[PDB]
Each structure stands twice: as C-alpha cells, then as structure tokens.
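Novice: heads up, no residue letters with this:
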C-alpha cells in the first residue's frame, strides 16, 4: 500500500528534472501483491540559478 | 534586493536572478558662487536628469 505523491519539488540540482516522492503505508506480506510502481518519480525542468557550489566568507580565500 | 529576467519562446526558455539599485540619474547643485560673507543670501538651484 503506497501513498499519494508529495508536492512537486524545486529543481536545481545540476541535473534538472523535478523531485516528487511517495512512501509506503503498508508493505506486501505473505506473498500478496508486491510494490514496484516507482517510489520517487521526476520529470523535465528549468534552471532559475545555474549550478554552482555554495558558501560564505570567500572574501579572504 | 533582487529581480528575475525571463525568456519565454517557442524555441526556448531560461531565467536569471539579477540585482536592483535605486541609483537613478544626476543631481547638479548650482550655487550662485563658491564664497560668501555672513548675511549674504546664497542663491541656489538644481539640474536633475
């Protein structure tokens, strides 16, 4: 027994599709029908910031 | 502090994060002359662009 999906998540990894997740309410047992209907599914997306590494204090470094 | 440039087109899209300033134009303070005695009136005007 699966869950509905969560709200669509930003995309910005340097891999630009969108994250969306559902998790298991009840697990398959005693040979009943098991789950493989994808746990986390993502689809295409747009870069609002182009990929980079983050910090502060780069003044003197 | 910030705003977003955007491109929408059939062929493509993208977007930018770009800063914003309120520095706009030029104020030119025109005093009548650069030296006064006390109890003079200082004439003054401005040219703003």
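Specialist: Now that the structure is in, tell me what you want to look at. Residues are numbered from 1 along each chain as shown, chains lettered A, B, ... in the order given.
Novice: give me every residue that touches residue 6.
Specialist: As the question left the chain open, I've gone with chain A. Applying C-beta atoms under 8 Å, 6 or more residues apart in numbering or on different chains to residue A:6 gives the contacts A:20, A:21, A:22. (Each C-beta comes from the backbone N, C-alpha and C, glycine too.)
Novice: You answered for a different chain; I wanted chain B.
Specialist: Residues near residue B:6 by C-beta under 8 Å, 6+ apart: B:13, B:14, B:15, B:16.
Novice: Pairing partners for whichever strand or helix holds it, with directions?
Specialist: Assigned by DSSP states H and E, residue B:6 falls within strand B:2-8. Taking DSSP bridges as the criterion, strand B:2-8 pairs within the sheet with strand B:13-19 (antiparallel).
Novice: roughly how far out does the partner strand sit from the chain middle?
Specialist: Offset of strand B:13-19 from its chain centre (C-alpha atoms, centre = their mean, to the nearest Å): 23 Å.
Novice: go on, stretch A:3-11?
Specialist: Stretch A:3-11 sits 7 Å away from the centroid of its parent chain (C-alpha atoms, centre = their mean).
Novice: Can you pull the residues of chain A lying near chain B?
Specialist: Applying C-beta under 8 Å from any C-beta of the partner chain, one finds that chain A approaches chain B through A:46, A:47, A:48, A:49.
Novice: JSON lines for the residues you listed, including neighbour count?
Specialist: Output for those, formatted as JSON lines (neighbours: other C-beta atoms under 10 Å in any protein chain shown):
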{"residue": "A:46", "neighbour count": "12"}
{"residue": "A:47", "neighbour count": "15"}
{"residue": "A:48", "neighbour count": "15"}
{"residue": "A:49", "neighbour count": "11"}
